[PDB]
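Q: Structure in structure tokens, see below.
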Number of protein chains: 2
Amino acid sequence: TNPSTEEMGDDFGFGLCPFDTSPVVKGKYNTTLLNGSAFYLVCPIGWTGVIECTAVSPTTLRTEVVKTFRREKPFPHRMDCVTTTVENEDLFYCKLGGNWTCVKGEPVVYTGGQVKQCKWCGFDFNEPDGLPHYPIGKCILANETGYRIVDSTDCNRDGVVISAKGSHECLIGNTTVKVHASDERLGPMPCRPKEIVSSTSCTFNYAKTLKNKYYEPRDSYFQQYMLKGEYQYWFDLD
Amino acid sequence: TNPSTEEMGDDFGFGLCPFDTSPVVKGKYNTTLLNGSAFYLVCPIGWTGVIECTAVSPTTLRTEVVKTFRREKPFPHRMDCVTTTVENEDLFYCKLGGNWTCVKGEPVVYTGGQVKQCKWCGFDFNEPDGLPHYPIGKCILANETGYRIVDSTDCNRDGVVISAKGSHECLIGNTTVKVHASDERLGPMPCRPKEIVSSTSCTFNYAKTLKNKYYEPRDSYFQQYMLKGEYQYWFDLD
């Protein structure tokens, strides 16, 4: 008295205000567990702030300070915190702090492991089948509950775009996925077809497609995607 | 006498030995009508040399030239001197000489008129709908007996050459021209095919082509000449 200064080292975290003073908060962000007398703060990584175990006269009008806990340098990572909160379902990496304090920043890029879910342009699958390269779009692991970005492929495969509204469905891997066209030239749909509806000598089987687009595989007796204009057929003779 | 010298006129014809003497001809071509003690010269178009009334006396053997008739510059054309013969079935421009005296040579040449037969690669031809330009190769009229000569586009029209031994029956005009292959790259069949064969549930026709050559026309449906490698096909898809 009056004032003081306790050079707050890195491993600061908990102490006791002196005479049951009424402390306050004024710094950079909000990450307090203030009691009313002593205190206890939660994962103050990168937190520049201070508090004065104050005093105030009710009757008269003045307010002083008996102990200042000052700070000017960052706090590196410390005890058991989490560097990754959530947002809707994206795993933005915790920028300025820890749990429930997590200020947002960048998304978490991909390093390695073994995946268990993947989502893209408005659809989600589970295994390599049908996709040009696995991983893609964005994915996650079995342990967690939010996605990790990695790639940013264009919802497009030469004229064919994977939106989420209109028109003809088709199955990549194992899941129904919508698709929306663009041009009108030759173009291989990357999505295996929906329903094979049919109807020895001259036998034919056929599906449903868009304009001038072919879907794998080619017919046997012709070796040329028997396109047509709206239906890619599949012939078979005796 | 002795040894005259009758420079026969440019309009010479009938012959007249004197006091009985079997003639002897020593000319360029072979165009002398020998009729006893009197010759007759029919069409000597550009012919020189000499011809002499030689006599034979059985006592001594002093052959005596009494009447020698001579021509000093080539003879012109006059009356019934046909200068247009043939060989088997091939006309040739009779260089020098007329009736039964066609020392043939260079070929005839076209210039117009009114035709009704043309010939090319092992098969005779009639109507214009087909070969790239009517007429072509060699042709004749209705009055003559043999063909002329005007053009010579080789019997090779895009990959395929046309010859005489099989192996596929394809038609042009109203004829029936044989044809054989030669390479693999995509080429257009220049002869409408012969027999159509079929095989509603899935109606379709098929004939025979070769490797990658297409018999016109394309089905409006798949709007591209289909093929297998050994056949070309035709649907009716209502």
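Every chain in the structure tokens takes a letter, A first, then B, and so on in the order presented; its residues are numbered from 1, and the ligands are numbered from 1 following the presented order.
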Pick out the residues sitting within 12 Å of segment 4-6 of chain B, and hand them over as an MDAnalysis selection string; count only C-alpha atoms, and ignore anything fewer than 2 positions along from it in its own chain.
A: chainID B and resid 1:2 8:9 12 15:18 50:53 64:72
Q: Create the file for the chosen residues now, containing N, CA, C and O atoms and written as a CSV table (one decimal), in the first residue's frame.
A:
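Final output, saved to out-v1.csv:
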```csv
chain,number,residue,atom,x,y,z
B,1,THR,N,9.8,-44.9,-171.5
B,1,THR,CA,10.8,-46.0,-171.7
B,1,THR,C,12.1,-45.5,-172.1
B,1,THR,O,12.2,-44.6,-173.0
B,2,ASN,N,13.2,-45.9,-171.4
B,2,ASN,CA,13.1,-46.9,-170.4
B,2,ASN,C,12.9,-46.2,-169.0
B,2,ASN,O,13.3,-45.1,-168.9
B,8,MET,N,2.6,-39.5,-159.2
B,8,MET,CA,1.1,-39.6,-159.1
B,8,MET,C,0.6,-38.4,-158.3
B,8,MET,O,1.2,-37.8,-157.4
B,9,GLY,N,-0.6,-37.9,-158.7
B,9,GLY,CA,-1.2,-36.7,-158.1
B,9,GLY,C,-1.7,-37.0,-156.7
B,9,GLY,O,-1.8,-38.1,-156.3
B,12,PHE,N,-4.5,-39.3,-156.5
B,12,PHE,CA,-4.3,-40.6,-157.3
B,12,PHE,C,-5.2,-41.7,-156.7
B,12,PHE,O,-5.6,-41.7,-155.5
B,15,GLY,N,-5.1,-47.9,-160.7
B,15,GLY,CA,-3.8,-48.3,-161.2
B,15,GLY,C,-3.9,-48.9,-162.6
B,15,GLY,O,-4.9,-49.4,-163.0
B,16,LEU,N,-2.8,-48.9,-163.3
B,16,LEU,CA,-2.7,-49.2,-164.7
B,16,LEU,C,-1.3,-49.6,-165.1
B,16,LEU,O,-0.6,-48.8,-165.6
B,17,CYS,N,-0.9,-50.9,-164.9
B,17,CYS,CA,0.3,-51.3,-165.5
B,17,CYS,C,0.2,-51.4,-167.0
B,17,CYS,O,-0.9,-51.4,-167.6
B,18,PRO,N,1.3,-51.3,-167.8
B,18,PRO,CA,1.2,-51.3,-169.2
B,18,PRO,C,1.1,-52.7,-169.9
B,18,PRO,O,0.1,-53.4,-169.8
B,50,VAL,N,7.9,-46.3,-153.5
B,50,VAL,CA,7.8,-46.5,-154.9
B,50,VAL,C,7.1,-47.8,-155.2
B,50,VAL,O,7.0,-48.7,-154.3
B,51,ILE,N,6.5,-48.0,-156.3
B,51,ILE,CA,5.8,-49.2,-156.8
B,51,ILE,C,6.0,-49.3,-158.3
B,51,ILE,O,5.8,-48.4,-159.0
B,52,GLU,N,6.5,-50.5,-158.7
B,52,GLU,CA,7.0,-50.7,-160.1
B,52,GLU,C,6.3,-51.9,-160.8
B,52,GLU,O,6.2,-52.9,-160.2
B,53,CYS,N,5.9,-51.7,-162.0
B,53,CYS,CA,5.4,-52.8,-162.9
B,53,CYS,C,6.6,-53.6,-163.3
B,53,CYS,O,7.2,-53.4,-164.3
B,64,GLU,N,13.3,-56.3,-165.9
B,64,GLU,CA,13.2,-55.0,-166.6
B,64,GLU,C,12.1,-54.1,-166.0
B,64,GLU,O,10.9,-54.5,-166.0
B,65,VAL,N,12.5,-53.0,-165.4
B,65,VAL,CA,11.5,-52.0,-164.9
B,65,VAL,C,11.1,-51.1,-166.0
B,65,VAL,O,11.8,-50.4,-166.6
B,66,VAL,N,9.8,-51.3,-166.4
B,66,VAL,CA,9.3,-50.6,-167.6
B,66,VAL,C,8.5,-49.3,-167.1
B,66,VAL,O,8.6,-48.2,-167.7
B,67,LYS,N,7.6,-49.5,-166.2
B,67,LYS,CA,6.7,-48.5,-165.7
B,67,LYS,C,6.9,-48.4,-164.2
B,67,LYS,O,6.4,-49.2,-163.4
B,68,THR,N,7.5,-47.3,-163.7
B,68,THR,CA,7.7,-47.0,-162.3
B,68,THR,C,6.9,-45.8,-162.0
B,68,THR,O,7.1,-44.7,-162.6
B,69,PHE,N,6.0,-45.9,-161.0
B,69,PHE,CA,5.2,-44.8,-160.5
B,69,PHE,C,5.6,-44.5,-159.1
B,69,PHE,O,5.8,-45.4,-158.3
B,70,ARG,N,5.7,-43.2,-158.8
B,70,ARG,CA,6.3,-42.7,-157.6
B,70,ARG,C,5.5,-41.6,-156.9
B,70,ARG,O,4.8,-40.9,-157.6
B,71,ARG,N,5.6,-41.5,-155.6
B,71,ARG,CA,5.1,-40.4,-154.8
B,71,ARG,C,6.3,-39.9,-153.9
B,71,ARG,O,7.0,-40.7,-153.4
B,72,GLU,N,6.4,-38.6,-153.9
B,72,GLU,CA,7.6,-38.0,-153.3
B,72,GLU,C,7.3,-37.3,-151.9
B,72,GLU,O,8.3,-37.2,-151.1
```
Q: Compile the contact shell of residue 210 of chain A as a list in words: residues with an atom at most 12 Å away, counting only C-alpha atoms, same-chain residues fewer than 6 positions apart removed.
A: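 After dropping sequence-adjacent residues, the list is residues 159, 160, 166, 167, 168, 169, 170, 179, 180, 181, 182, 183, 184, 185, 186, 187, 188, 189, 193, 227, 228, 229, 230, 231 and 232 of chain A.
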Q: Output chain B as a PDB file with C-alpha atoms, in the first residue's frame, after least-squares fitting it to chain A on all in-order C-alpha pairs.
A:
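Result written to result02.pdb:
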```
ATOM      1  CA  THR B   1       0.488  -0.746  -1.120  1.00  0.00           C
ATOM      2  CA  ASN B   2      -0.347   1.489  -2.610  1.00  0.00           C
ATOM      3  CA  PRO B   3      -0.874  -0.142  -6.033  1.00  0.00           C
ATOM      4  CA  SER B   4       1.391  -3.203  -6.141  1.00  0.00           C
ATOM      5  CA  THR B   5       2.537  -4.850  -9.380  1.00  0.00           C
ATOM      6  CA  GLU B   6       2.630  -8.659  -9.487  1.00  0.00           C
ATOM      7  CA  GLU B   7       4.128  -9.740 -12.802  1.00  0.00           C
ATOM      8  CA  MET B   8       2.401 -13.127 -12.802  1.00  0.00           C
ATOM      9  CA  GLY B   9       4.588 -16.036 -13.828  1.00  0.00           C
ATOM     10  CA  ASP B  10       4.367 -17.902 -17.112  1.00  0.00           C
ATOM     11  CA  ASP B  11       2.831 -20.719 -15.019  1.00  0.00           C
ATOM     12  CA  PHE B  12       0.219 -18.534 -13.322  1.00  0.00           C
ATOM     13  CA  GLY B  13      -3.183 -19.920 -12.404  1.00  0.00           C
ATOM     14  CA  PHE B  14      -5.163 -19.522  -9.193  1.00  0.00           C
ATOM     15  CA  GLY B  15      -6.263 -16.066  -8.101  1.00  0.00           C
ATOM     16  CA  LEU B  16      -6.207 -14.317  -4.739  1.00  0.00           C
ATOM     17  CA  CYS B  17      -7.594 -10.843  -4.072  1.00  0.00           C
ATOM     18  CA  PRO B  18      -6.604  -9.434  -0.665  1.00  0.00           C
ATOM     19  CA  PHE B  19      -8.895  -7.586   1.757  1.00  0.00           C
ATOM     20  CA  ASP B  20     -12.220  -8.281   0.035  1.00  0.00           C
ATOM     21  CA  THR B  21     -12.599  -6.440  -3.270  1.00  0.00           C
ATOM     22  CA  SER B  22     -14.708  -7.479  -6.257  1.00  0.00           C
ATOM     23  CA  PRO B  23     -12.184  -7.909  -9.103  1.00  0.00           C
ATOM     24  CA  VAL B  24     -12.283  -6.027 -12.393  1.00  0.00           C
ATOM     25  CA  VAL B  25     -10.661  -7.447 -15.532  1.00  0.00           C
ATOM     26  CA  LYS B  26      -9.447  -5.280 -18.424  1.00  0.00           C
ATOM     27  CA  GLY B  27      -7.923  -7.787 -20.842  1.00  0.00           C
ATOM     28  CA  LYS B  28      -7.827  -8.586 -24.542  1.00  0.00           C
ATOM     29  CA  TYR B  29      -9.921 -11.757 -24.757  1.00  0.00           C
ATOM     30  CA  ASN B  30     -12.852 -12.928 -22.592  1.00  0.00           C
ATOM     31  CA  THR B  31     -11.258 -15.693 -20.464  1.00  0.00           C
ATOM     32  CA  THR B  32     -11.728 -15.016 -16.740  1.00  0.00           C
ATOM     33  CA  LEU B  33     -13.549 -17.212 -14.232  1.00  0.00           C
ATOM     34  CA  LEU B  34     -15.122 -14.731 -11.811  1.00  0.00           C
ATOM     35  CA  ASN B  35     -15.852 -16.354  -8.425  1.00  0.00           C
ATOM     36  CA  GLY B  36     -16.544 -13.602  -5.923  1.00  0.00           C
ATOM     37  CA  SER B  37     -13.500 -11.952  -4.392  1.00  0.00           C
ATOM     38  CA  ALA B  38     -11.301 -14.499  -6.183  1.00  0.00           C
ATOM     39  CA  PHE B  39     -10.763 -15.048  -9.901  1.00  0.00           C
ATOM     40  CA  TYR B  40      -9.266 -18.046 -11.680  1.00  0.00           C
ATOM     41  CA  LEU B  41      -7.492 -17.875 -15.049  1.00  0.00           C
ATOM     42  CA  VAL B  42      -7.895 -20.962 -17.252  1.00  0.00           C
ATOM     43  CA  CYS B  43      -5.869 -21.048 -20.501  1.00  0.00           C
ATOM     44  CA  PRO B  44      -4.869 -17.511 -21.539  1.00  0.00           C
ATOM     45  CA  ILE B  45      -2.925 -18.581 -24.653  1.00  0.00           C
ATOM     46  CA  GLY B  46      -1.329 -15.343 -25.819  1.00  0.00           C
ATOM     47  CA  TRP B  47      -3.225 -12.795 -23.730  1.00  0.00           C
ATOM     48  CA  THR B  48      -2.130  -9.447 -22.293  1.00  0.00           C
ATOM     49  CA  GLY B  49      -3.604  -6.559 -20.306  1.00  0.00           C
ATOM     50  CA  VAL B  50      -4.259  -6.016 -16.594  1.00  0.00           C
ATOM     51  CA  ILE B  51      -6.699  -7.142 -13.912  1.00  0.00           C
ATOM     52  CA  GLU B  52      -7.197  -5.293 -10.637  1.00  0.00           C
ATOM     53  CA  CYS B  53      -8.827  -5.997  -7.267  1.00  0.00           C
ATOM     54  CA  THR B  54     -11.147  -2.988  -7.156  1.00  0.00           C
ATOM     55  CA  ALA B  55     -12.907  -2.166  -3.890  1.00  0.00           C
ATOM     56  CA  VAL B  56     -16.095  -0.200  -3.222  1.00  0.00           C
ATOM     57  CA  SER B  57     -16.544   1.969  -0.120  1.00  0.00           C
ATOM     58  CA  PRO B  58     -20.020   3.542   0.142  1.00  0.00           C
ATOM     59  CA  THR B  59     -18.949   6.752   1.919  1.00  0.00           C
ATOM     60  CA  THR B  60     -16.751   8.669  -0.490  1.00  0.00           C
ATOM     61  CA  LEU B  61     -16.446   7.475  -4.069  1.00  0.00           C
ATOM     62  CA  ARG B  62     -12.645   7.354  -4.363  1.00  0.00           C
ATOM     63  CA  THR B  63     -12.236   3.935  -5.952  1.00  0.00           C
ATOM     64  CA  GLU B  64      -8.952   2.531  -4.666  1.00  0.00           C
ATOM     65  CA  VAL B  65      -6.751   0.099  -6.580  1.00  0.00           C
ATOM     66  CA  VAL B  66      -5.049  -1.979  -3.878  1.00  0.00           C
ATOM     67  CA  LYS B  67      -3.830  -5.139  -5.654  1.00  0.00           C
ATOM     68  CA  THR B  68      -3.071  -4.930  -9.381  1.00  0.00           C
ATOM     69  CA  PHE B  69      -1.702  -8.037 -11.093  1.00  0.00           C
ATOM     70  CA  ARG B  70      -0.227  -7.710 -14.564  1.00  0.00           C
ATOM     71  CA  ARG B  71       1.188  -9.706 -17.464  1.00  0.00           C
ATOM     72  CA  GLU B  72       3.581  -7.981 -19.864  1.00  0.00           C
ATOM     73  CA  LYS B  73       4.194 -10.518 -22.663  1.00  0.00           C
ATOM     74  CA  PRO B  74       1.846 -13.103 -24.204  1.00  0.00           C
ATOM     75  CA  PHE B  75       1.185 -16.356 -22.226  1.00  0.00           C
ATOM     76  CA  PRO B  76       2.185 -19.824 -23.475  1.00  0.00           C
ATOM     77  CA  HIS B  77       0.326 -23.152 -23.535  1.00  0.00           C
ATOM     78  CA  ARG B  78       0.378 -25.649 -20.679  1.00  0.00           C
ATOM     79  CA  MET B  79      -2.340 -28.164 -19.801  1.00  0.00           C
ATOM     80  CA  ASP B  80      -5.977 -28.738 -20.805  1.00  0.00           C
ATOM     81  CA  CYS B  81      -6.033 -25.894 -23.362  1.00  0.00           C
ATOM     82  CA  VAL B  82      -8.152 -27.144 -26.262  1.00  0.00           C
ATOM     83  CA  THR B  83      -7.369 -25.096 -29.364  1.00  0.00           C
ATOM     84  CA  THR B  84      -9.770 -26.790 -31.790  1.00  0.00           C
ATOM     85  CA  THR B  85     -13.405 -25.670 -31.922  1.00  0.00           C
ATOM     86  CA  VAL B  86     -16.091 -25.845 -34.626  1.00  0.00           C
ATOM     87  CA  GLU B  87     -18.952 -23.773 -36.019  1.00  0.00           C
ATOM     88  CA  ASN B  88     -22.224 -25.554 -36.789  1.00  0.00           C
ATOM     89  CA  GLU B  89     -20.226 -28.344 -38.469  1.00  0.00           C
ATOM     90  CA  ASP B  90     -17.012 -26.509 -39.477  1.00  0.00           C
ATOM     91  CA  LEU B  91     -13.776 -26.661 -37.494  1.00  0.00           C
ATOM     92  CA  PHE B  92     -11.424 -23.683 -37.490  1.00  0.00           C
ATOM     93  CA  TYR B  93      -7.899 -23.355 -36.123  1.00  0.00           C
ATOM     94  CA  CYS B  94      -8.353 -21.582 -32.787  1.00  0.00           C
ATOM     95  CA  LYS B  95      -5.806 -18.787 -33.216  1.00  0.00           C
ATOM     96  CA  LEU B  96      -5.485 -17.741 -29.565  1.00  0.00           C
ATOM     97  CA  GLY B  97      -7.197 -19.275 -26.543  1.00  0.00           C
ATOM     98  CA  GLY B  98      -8.346 -22.614 -25.148  1.00  0.00           C
ATOM     99  CA  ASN B  99     -11.414 -24.159 -23.519  1.00  0.00           C
ATOM    100  CA  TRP B 100     -14.544 -22.038 -24.110  1.00  0.00           C
ATOM    101  CA  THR B 101     -12.115 -19.364 -25.383  1.00  0.00           C
ATOM    102  CA  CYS B 102     -11.666 -20.135 -29.086  1.00  0.00           C
ATOM    103  CA  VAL B 103     -11.310 -16.858 -30.912  1.00  0.00           C
ATOM    104  CA  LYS B 104     -11.239 -18.935 -34.081  1.00  0.00           C
ATOM    105  CA  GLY B 105      -9.671 -17.995 -37.398  1.00  0.00           C
ATOM    106  CA  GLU B 106      -7.643 -19.869 -39.999  1.00  0.00           C
ATOM    107  CA  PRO B 107      -8.685 -23.384 -41.057  1.00  0.00           C
ATOM    108  CA  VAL B 108      -7.451 -26.804 -40.032  1.00  0.00           C
ATOM    109  CA  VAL B 109      -5.160 -28.692 -42.408  1.00  0.00           C
ATOM    110  CA  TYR B 110      -4.674 -32.402 -43.128  1.00  0.00           C
ATOM    111  CA  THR B 111      -1.482 -34.469 -42.940  1.00  0.00           C
ATOM    112  CA  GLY B 112      -2.451 -38.159 -42.757  1.00  0.00           C
ATOM    113  CA  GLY B 113      -4.053 -40.715 -40.470  1.00  0.00           C
ATOM    114  CA  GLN B 114      -7.167 -42.914 -40.715  1.00  0.00           C
ATOM    115  CA  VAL B 115     -10.368 -41.374 -42.113  1.00  0.00           C
ATOM    116  CA  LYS B 116     -14.003 -42.451 -42.490  1.00  0.00           C
ATOM    117  CA  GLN B 117     -16.033 -39.516 -43.843  1.00  0.00           C
ATOM    118  CA  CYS B 118     -15.653 -36.827 -46.513  1.00  0.00           C
ATOM    119  CA  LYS B 119     -17.887 -34.011 -47.741  1.00  0.00           C
ATOM    120  CA  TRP B 120     -18.263 -32.284 -51.111  1.00  0.00           C
ATOM    121  CA  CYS B 121     -21.033 -30.449 -53.033  1.00  0.00           C
ATOM    122  CA  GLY B 122     -24.194 -30.833 -50.949  1.00  0.00           C
ATOM    123  CA  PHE B 123     -23.722 -34.508 -50.083  1.00  0.00           C
ATOM    124  CA  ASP B 124     -21.616 -36.481 -47.612  1.00  0.00           C
ATOM    125  CA  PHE B 125     -19.306 -39.236 -48.829  1.00  0.00           C
ATOM    126  CA  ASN B 126     -17.854 -42.476 -47.510  1.00  0.00           C
ATOM    127  CA  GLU B 127     -16.033 -44.911 -49.795  1.00  0.00           C
ATOM    128  CA  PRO B 128     -13.117 -44.272 -52.170  1.00  0.00           C
ATOM    129  CA  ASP B 129     -14.463 -45.991 -55.292  1.00  0.00           C
ATOM    130  CA  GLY B 130     -15.677 -42.899 -57.128  1.00  0.00           C
ATOM    131  CA  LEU B 131     -14.367 -39.417 -56.399  1.00  0.00           C
ATOM    132  CA  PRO B 132     -11.154 -38.742 -58.380  1.00  0.00           C
ATOM    133  CA  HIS B 133      -8.878 -39.040 -55.347  1.00  0.00           C
ATOM    134  CA  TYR B 134      -9.740 -40.243 -51.856  1.00  0.00           C
ATOM    135  CA  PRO B 135      -9.769 -38.081 -49.764  1.00  0.00           C
ATOM    136  CA  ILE B 136     -10.922 -34.742 -51.223  1.00  0.00           C
ATOM    137  CA  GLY B 137     -12.557 -31.438 -50.279  1.00  0.00           C
ATOM    138  CA  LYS B 138     -12.950 -31.823 -46.529  1.00  0.00           C
ATOM    139  CA  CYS B 139     -12.887 -34.892 -44.299  1.00  0.00           C
ATOM    140  CA  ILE B 140     -12.670 -35.969 -40.669  1.00  0.00           C
ATOM    141  CA  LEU B 141     -11.834 -39.107 -38.748  1.00  0.00           C
ATOM    142  CA  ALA B 142     -13.932 -41.304 -36.435  1.00  0.00           C
ATOM    143  CA  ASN B 143     -12.792 -39.800 -33.125  1.00  0.00           C
ATOM    144  CA  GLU B 144     -13.456 -36.091 -33.695  1.00  0.00           C
ATOM    145  CA  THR B 145     -16.788 -34.336 -34.255  1.00  0.00           C
ATOM    146  CA  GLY B 146     -16.103 -32.036 -37.235  1.00  0.00           C
ATOM    147  CA  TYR B 147     -14.210 -31.992 -40.513  1.00  0.00           C
ATOM    148  CA  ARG B 148     -10.836 -30.465 -41.392  1.00  0.00           C
ATOM    149  CA  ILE B 149      -9.873 -28.954 -44.780  1.00  0.00           C
ATOM    150  CA  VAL B 150      -7.296 -30.192 -47.288  1.00  0.00           C
ATOM    151  CA  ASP B 151      -8.394 -29.762 -50.906  1.00  0.00           C
ATOM    152  CA  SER B 152     -10.766 -27.682 -53.007  1.00  0.00           C
ATOM    153  CA  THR B 153     -11.340 -29.034 -56.510  1.00  0.00           C
ATOM    154  CA  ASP B 154     -14.359 -27.091 -57.751  1.00  0.00           C
ATOM    155  CA  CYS B 155     -17.722 -28.853 -58.025  1.00  0.00           C
ATOM    156  CA  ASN B 156     -17.213 -28.821 -61.813  1.00  0.00           C
ATOM    157  CA  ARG B 157     -15.805 -31.967 -63.450  1.00  0.00           C
ATOM    158  CA  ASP B 158     -15.937 -31.782 -67.259  1.00  0.00           C
ATOM    159  CA  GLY B 159     -18.946 -29.751 -68.361  1.00  0.00           C
ATOM    160  CA  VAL B 160     -21.206 -30.903 -65.539  1.00  0.00           C
ATOM    161  CA  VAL B 161     -21.374 -29.204 -62.151  1.00  0.00           C
ATOM    162  CA  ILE B 162     -22.896 -31.042 -59.181  1.00  0.00           C
ATOM    163  CA  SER B 163     -25.323 -29.226 -56.871  1.00  0.00           C
ATOM    164  CA  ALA B 164     -28.303 -30.026 -54.645  1.00  0.00           C
ATOM    165  CA  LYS B 165     -31.601 -29.637 -56.565  1.00  0.00           C
ATOM    166  CA  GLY B 166     -32.181 -32.561 -58.915  1.00  0.00           C
ATOM    167  CA  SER B 167     -32.557 -33.033 -61.618  1.00  0.00           C
ATOM    168  CA  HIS B 168     -31.178 -36.533 -62.079  1.00  0.00           C
ATOM    169  CA  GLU B 169     -30.336 -39.151 -59.453  1.00  0.00           C
ATOM    170  CA  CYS B 170     -26.843 -40.561 -60.032  1.00  0.00           C
ATOM    171  CA  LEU B 171     -24.767 -42.465 -57.498  1.00  0.00           C
ATOM    172  CA  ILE B 172     -21.165 -42.495 -56.314  1.00  0.00           C
ATOM    173  CA  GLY B 173     -19.725 -44.896 -53.738  1.00  0.00           C
ATOM    174  CA  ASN B 174     -22.882 -45.674 -51.804  1.00  0.00           C
ATOM    175  CA  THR B 175     -24.289 -42.126 -51.560  1.00  0.00           C
ATOM    176  CA  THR B 176     -26.825 -40.385 -53.807  1.00  0.00           C
ATOM    177  CA  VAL B 177     -25.523 -37.144 -55.326  1.00  0.00           C
ATOM    178  CA  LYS B 178     -27.696 -34.719 -57.253  1.00  0.00           C
ATOM    179  CA  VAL B 179     -26.396 -33.261 -60.507  1.00  0.00           C
ATOM    180  CA  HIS B 180     -27.337 -30.700 -63.181  1.00  0.00           C
ATOM    181  CA  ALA B 181     -26.095 -29.927 -66.690  1.00  0.00           C
ATOM    182  CA  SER B 182     -24.397 -26.841 -68.116  1.00  0.00           C
ATOM    183  CA  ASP B 183     -23.265 -27.271 -71.740  1.00  0.00           C
ATOM    184  CA  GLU B 184     -23.642 -29.356 -74.907  1.00  0.00           C
ATOM    185  CA  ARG B 185     -20.230 -30.614 -76.071  1.00  0.00           C
ATOM    186  CA  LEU B 186     -19.477 -34.299 -75.552  1.00  0.00           C
ATOM    187  CA  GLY B 187     -18.558 -34.951 -71.934  1.00  0.00           C
ATOM    188  CA  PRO B 188     -18.099 -37.952 -69.642  1.00  0.00           C
ATOM    189  CA  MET B 189     -20.634 -38.488 -66.843  1.00  0.00           C
ATOM    190  CA  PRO B 190     -18.576 -38.970 -63.659  1.00  0.00           C
ATOM    191  CA  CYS B 191     -21.219 -40.777 -61.609  1.00  0.00           C
ATOM    192  CA  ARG B 192     -22.558 -44.288 -62.157  1.00  0.00           C
ATOM    193  CA  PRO B 193     -26.357 -44.044 -62.503  1.00  0.00           C
ATOM    194  CA  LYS B 194     -29.075 -45.190 -60.132  1.00  0.00           C
ATOM    195  CA  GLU B 195     -31.919 -47.405 -61.385  1.00  0.00           C
ATOM    196  CA  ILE B 196     -31.763 -49.954 -64.209  1.00  0.00           C
ATOM    197  CA  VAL B 197     -34.902 -50.597 -66.266  1.00  0.00           C
ATOM    198  CA  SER B 198     -35.433 -53.148 -69.047  1.00  0.00           C
ATOM    199  CA  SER B 199     -37.852 -53.457 -71.953  1.00  0.00           C
ATOM    200  CA  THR B 200     -35.399 -63.450 -75.914  1.00  0.00           C
ATOM    201  CA  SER B 201     -36.317 -61.292 -78.917  1.00  0.00           C
ATOM    202  CA  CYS B 202     -34.463 -57.990 -78.423  1.00  0.00           C
ATOM    203  CA  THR B 203     -33.422 -57.570 -74.792  1.00  0.00           C
ATOM    204  CA  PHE B 204     -32.193 -54.127 -73.785  1.00  0.00           C
ATOM    205  CA  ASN B 205     -31.886 -51.866 -70.748  1.00  0.00           C
ATOM    206  CA  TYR B 206     -32.097 -48.095 -70.444  1.00  0.00           C
ATOM    207  CA  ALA B 207     -31.697 -45.338 -67.868  1.00  0.00           C
ATOM    208  CA  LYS B 208     -31.507 -41.527 -68.021  1.00  0.00           C
ATOM    209  CA  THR B 209     -28.527 -39.327 -68.878  1.00  0.00           C
ATOM    210  CA  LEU B 210     -28.307 -35.792 -70.287  1.00  0.00           C
ATOM    211  CA  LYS B 211     -27.795 -34.345 -73.788  1.00  0.00           C
ATOM    212  CA  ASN B 212     -24.393 -35.844 -74.716  1.00  0.00           C
ATOM    213  CA  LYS B 213     -23.025 -37.340 -71.489  1.00  0.00           C
ATOM    214  CA  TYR B 214     -22.527 -41.083 -71.071  1.00  0.00           C
ATOM    215  CA  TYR B 215     -22.994 -43.272 -67.993  1.00  0.00           C
ATOM    216  CA  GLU B 216     -20.232 -45.872 -67.868  1.00  0.00           C
ATOM    217  CA  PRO B 217     -19.794 -48.383 -69.302  1.00  0.00           C
ATOM    218  CA  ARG B 218     -20.219 -48.976 -73.028  1.00  0.00           C
ATOM    219  CA  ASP B 219     -21.887 -52.107 -74.344  1.00  0.00           C
ATOM    220  CA  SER B 220     -19.115 -54.286 -75.778  1.00  0.00           C
ATOM    221  CA  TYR B 221     -21.323 -54.802 -78.844  1.00  0.00           C
ATOM    222  CA  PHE B 222     -21.702 -51.455 -80.606  1.00  0.00           C
ATOM    223  CA  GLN B 223     -18.453 -50.727 -78.695  1.00  0.00           C
ATOM    224  CA  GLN B 224     -19.379 -47.063 -78.346  1.00  0.00           C
ATOM    225  CA  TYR B 225     -21.671 -45.423 -75.777  1.00  0.00           C
ATOM    226  CA  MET B 226     -25.041 -45.188 -77.488  1.00  0.00           C
ATOM    227  CA  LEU B 227     -27.493 -42.394 -76.750  1.00  0.00           C
ATOM    228  CA  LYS B 228     -30.642 -40.669 -77.979  1.00  0.00           C
ATOM    229  CA  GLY B 229     -30.374 -37.226 -76.400  1.00  0.00           C
ATOM    230  CA  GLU B 230     -32.419 -38.095 -73.332  1.00  0.00           C
ATOM    231  CA  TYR B 231     -31.466 -41.704 -72.494  1.00  0.00           C
ATOM    232  CA  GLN B 232     -28.583 -44.171 -72.517  1.00  0.00           C
ATOM    233  CA  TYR B 233     -29.176 -47.823 -73.240  1.00  0.00           C
ATOM    234  CA  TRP B 234     -27.781 -51.335 -72.780  1.00  0.00           C
ATOM    235  CA  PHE B 235     -28.417 -54.440 -74.892  1.00  0.00           C
ATOM    236  CA  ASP B 236     -27.832 -58.153 -74.427  1.00  0.00           C
ATOM    237  CA  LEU B 237     -27.403 -59.442 -77.984  1.00  0.00           C
ATOM    238  CA  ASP B 238     -26.352 -63.090 -77.974  1.00  0.00           C
TER     239      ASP B 238
END
```
Q: When DSSP is applied to the backbone of this structure, which of segment 109-235 of chain A are assigned strand (DSSP E)? Write them out as a PyMOL selection string.
A: chain A and resi 115-120+123-125+138-141+148-149+170-172+175-177+187-189+197-198+202-206+213-215+233-235
